[PDB]
**Q** 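Dropping a structure here in structure tokens format, bear with me for questions.
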2 protein chains.
Amino acid sequence: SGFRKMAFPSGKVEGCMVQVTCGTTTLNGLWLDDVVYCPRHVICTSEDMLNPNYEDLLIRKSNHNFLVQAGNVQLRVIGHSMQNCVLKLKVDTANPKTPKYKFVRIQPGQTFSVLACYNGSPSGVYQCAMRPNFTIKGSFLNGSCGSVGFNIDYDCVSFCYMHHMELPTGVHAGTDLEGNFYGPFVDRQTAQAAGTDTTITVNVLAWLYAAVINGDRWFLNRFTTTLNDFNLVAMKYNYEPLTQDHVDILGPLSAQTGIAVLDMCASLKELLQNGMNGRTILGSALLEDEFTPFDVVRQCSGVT
Amino acid sequence: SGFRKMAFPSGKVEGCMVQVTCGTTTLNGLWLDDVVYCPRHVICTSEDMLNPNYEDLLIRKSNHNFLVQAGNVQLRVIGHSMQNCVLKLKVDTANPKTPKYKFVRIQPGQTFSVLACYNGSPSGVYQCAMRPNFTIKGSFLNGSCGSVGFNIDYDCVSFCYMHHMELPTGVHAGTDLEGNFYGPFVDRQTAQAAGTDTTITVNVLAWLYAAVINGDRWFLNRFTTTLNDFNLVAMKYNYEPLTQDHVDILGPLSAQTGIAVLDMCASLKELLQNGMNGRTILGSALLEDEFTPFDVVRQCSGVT
Ligand SMILES: *CCC(=O)N(c1ccc(C(C)(C)C)cc1)[C@@H](C(=O)NC1CCOCC1)c1cccnc1
Ligand SMILES: *CCC(=O)N(c1ccc(C(C)(C)C)cc1)[C@@H](C(=O)NC1CCOCC1)c1cccnc1
């Protein structure tokens, strides 16, 4: 028993982190097979930040200008290309520690683990969610760019995020491993305000099911609701609308606990309307939304 | 910027996890050099749980009764011994992935990462604290015993915890790597109630400093206090007494922010007396106590 914000074991990803330097900028790269992936802003200087023309800046760079170091050993760069907002540096050596991997583009509400790195070296691992406004609330300092987000299914690492920047509001933006930003963000030092950070309703419900499985049941009430009634309350509280797809996804949790999804929605509706009254659920005084129904099932079943 | 409950990268510890089976019980072991460490309750059956005599039960076990598997390959057990509540299984092969390591016995209030494992396979990593009542609030299911807690200093892993059991209240108890339980707990299926789970005051203050560094400053007030005045309030709220050692340890955070430790104590005193009023600090609606001053400095400076 017990329920924690759990990250995937990071070893498979640690074996892929390298340092990439171009000019005076040093950030992280992800070395898979004979390609090193990194944010294209590694080619930017102090005067490029504001309005960079990446194609023009890249013309002035050759393979030897990209310094890639894996541990304390230098990798030889034999090719380079820009794909959207990432650079792909072809090296002459396949990463011997390359795990089985996929590149996936996640949807908002989905969670993943981040291996925060500096100078190609791992500093820590934590669990994130892609917010509904396509930002992530991470913990990244200068030099953390190129750190990646991932999920693991048995022995296959699905990379879903590469860190690129911090918005002036302290929230984070990045791309998938094809270099496409999540949301409307651009790799430029300009005014980029994030949209409404709504709560991921299906994740809150999954976490309420995790709480029941763990003995925290005080919030269970004698009520039920409908999807339309619940959604009127969800809109009022900046919660994402709940769909029948979300109800279906919560099916295993509803089955395990014997609590119908709409009954849990009625509990969540009362928690939104009445508050917690100074009480806690799974050691939290707010409704946690960075656990998907899949995460709850996985943690409550011990998938390795 | 941003502040997350961050665990150490787990790769160095993943390389040490093995499966240990004795009779019908299978749990995890930690393989360092040519020794595999695991909870001694691996030798217990259904009728042993209630009042086991470990020395007597161990007499009926030989080296060949301990099945140790590292990945899909079997390790040959050439010796076994009991040290306090852990068994040490000498194998004929040194773990080739043994990192530089130490065994440390931590104090209450100290944090560490847990690599939760099942069948010798890692499932997840999360950050814990040794509570002042010597329990940990982890996330462990049946078969998670032998999962370990650790801290990392550059390339040296300091193992501090090995999971042994769950108390009837859903909190966890375990030993250091010498087999000595933290707190008064015993590896027996008996009434073991935990003491008062007080809040780790110095950690809450460290996290309030992390909040200021990250721009969350609404809770800063125009007041100050003394150690004795603050401690009268801390006692009332089941917070641990703050000592001059704790003030000294918070010195770097006080220096970086320019907020005297006693001024932060006065902010914490008002938060205890007035509550949060529906506000949040670093995305939390309660005062977080599982970040030490060292963790705050490390995360805010990017130590790899
Ligand atoms: C990894 C580089 C870095 O530290 N940061 C960064 C990223 C991108 C740029 C470009 C060239 C695209 C402008 C520059 C610097 C920052 C970062 O994103 N800083 C922003 C702060 C708000 O104004 C715009 C620049 C970084 C800091 C902390 C965390 N992650 C990235
Ligand atoms: C790893 C073994 C296991 O799953 N658990 C366990 C541990 C120790 C025992 C002895 C032989 C010492 C009695 C038995 C079983 C449990 C566990 O600790 N269960 C307890 C629940 C409360 O009553 C006492 C037995 C375990 C479950 C979940 C997490 N960690 C351990």
Side-chain angles (χ1 to χ4, degrees), chain A residues 1-6 210-211 213-219 276-286 288, chain B residues 5 7 105-114 116 126-140 144 147 149 160-176 180-187 190-208 230-243 245-246 249 265 268-269 271-273 275-276 281-282 284-293 295:
Chain A
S1 90
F3 205 76
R4 278 277 183 184
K5 188 65 72 53
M6 193 178 283
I213 294 170
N214 281 283
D216 230 335
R217 317 165 51 102
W218 66 261
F219 58 86
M276 309 271 283
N277 287 116
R279 291 187 287 273
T280 61
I281 299 171
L282 290 175
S284 180
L286 56 77
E288 301 286 325
Chain B
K5 188 65 72 53
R105 180 175 181 82
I106 61 165
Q107 298 295 328
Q110 296 299 123
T111 58
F112 56 91
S113 298
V114 171
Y126 57 90
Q127 192 72 353
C128 272
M130 176 56 55
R131 301 310 310 173
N133 63 5
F134 297 101
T135 65
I136 78 166
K137 293 210 190 85
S139 174
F140 292 113
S144 64
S147 296
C160 58
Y161 180 84
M162 178 171 273
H163 188 50
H164 285 242
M165 62 195 210
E166 183 164 286
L167 303 185
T169 51
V171 299
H172 305 108
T175 69
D176 58 25
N180 290 127
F181 266 88
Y182 284 99
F185 304 110
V186 293
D187 47 1
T190 189
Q192 303 191 62
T196 307
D197 195 358
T198 59
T199 306
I200 309 150
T201 311
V202 64
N203 288 7
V204 173
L205 288 167
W207 169 87
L208 287 174
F230 176 76
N231 283 333
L232 288 182
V233 178
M235 180 143 62
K236 171 181 157 79
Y237 285 91
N238 282 157
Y239 264 59
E240 285 290 289
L242 196 71
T243 67
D245 279 11
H246 296 142
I249 291 166
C265 288
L268 175 53
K269 166 174 160 195
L271 284 171
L272 293 175
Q273 293 172 345
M276 309 271 283
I281 299 171
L282 290 175
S284 180
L286 56 77
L287 307 167
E288 301 286 325
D289 77 346
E290 298 198 353
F291 294 99
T292 64
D295 294 339

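Convention: sequence-line order gives letters A, B, ...; per-chain numbering from 1.
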**Q** Considering non-hydrogen atoms only, spot the tightest contact between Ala193(B) and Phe185(B) and give its length.
**A** O-CE2, 4.2 Å
**Q** Return yes if a side-chain donor-acceptor contact under 3.5 Å exists between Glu240(B) and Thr198(B), otherwise no.
**A** yes
**Q** Does either side chain, that of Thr175(B) or that of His164(B), offer a donor lying less than 3.5 Å from an acceptor on the other one?
**A** yes
**Q** Looking at OG1 of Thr111(B) and CD1 of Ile136(B), how far apart are the two atoms once the value is rounded to the nearest 0.5 Å?
**A** 11.5 Å
**Q** Would you confirm whether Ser284(A), through its side chain, and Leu286(A), through its main-chain N or O, come within 3.5 Å as a donor-acceptor pair?
**A** yes
**Q** With a 3.5 Å distance limit and no angle check, can you tell me whether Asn133(B) reaches the backbone of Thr135(B) through a side-chain donor-acceptor pair?
**A** yes
**Q** Which pairs, with at least one residue in residues 193-206 of chain B and sequence neighbours excluded, count as a salt bridge (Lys or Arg N to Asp or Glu O under 4.0 Å)?
**A** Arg131(B)-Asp197(B), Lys137(B)-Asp197(B)
**Q** If only atom types and distance count, is the side chain of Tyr182(B) paired as donor or acceptor with the main-chain N or O of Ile106(B) below 3.5 Å?
**A** yes
**Q** Where the side chain of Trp218(A) meets the backbone of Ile281(A), is there a donor-acceptor pair that is under 3.5 Å apart?
**A** no
**Q** Quick one: does any side-chain atom of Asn214(A) pair with a main-chain N or O of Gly2(A) as donor and acceptor, under 3.5 Å?
**A** yes
**Q** Give a yes or no on whether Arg217(A) atom CZ has more than 12 heavy-atom contacts from other residues, nucleotides or ligands under 6.0 Å away.
**A** no
**Q** Assess whether atom CD of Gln273(B) is packed by more than 12 heavy atoms of other residues, nucleotides or ligands within 6.0 Å.
**A** yes
**Q** Tell me whether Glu166(B) contacts the main-chain N or O of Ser1(A) through its side chain, where contact means a donor paired with an acceptor under 3.5 Å.
**A** yes
**Q** Whether the side chain of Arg105(B) engages the backbone of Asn180(B) through a donor-acceptor N/O pair (distance < 3.5 Å, no angle test) should be reported.
**A** yes
**Q** Tell me if a side-chain donor or acceptor on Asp216(A) pairs with a main-chain N or O of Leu282(A) at a distance below 3.5 Å.
**A** yes
**Q** Looking at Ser139(B), is its backbone amide N or carbonyl O close enough to the side chain of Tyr126(B) to form a donor-acceptor pair, meaning the two atoms are under 3.5 Å apart?
**A** yes
**Q** Among all residues two or more places apart in sequence or in another chain, which pass the ring pair (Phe, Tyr, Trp, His ring centres under 6.0 Å) test with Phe112(B)?
**A** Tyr161(B)
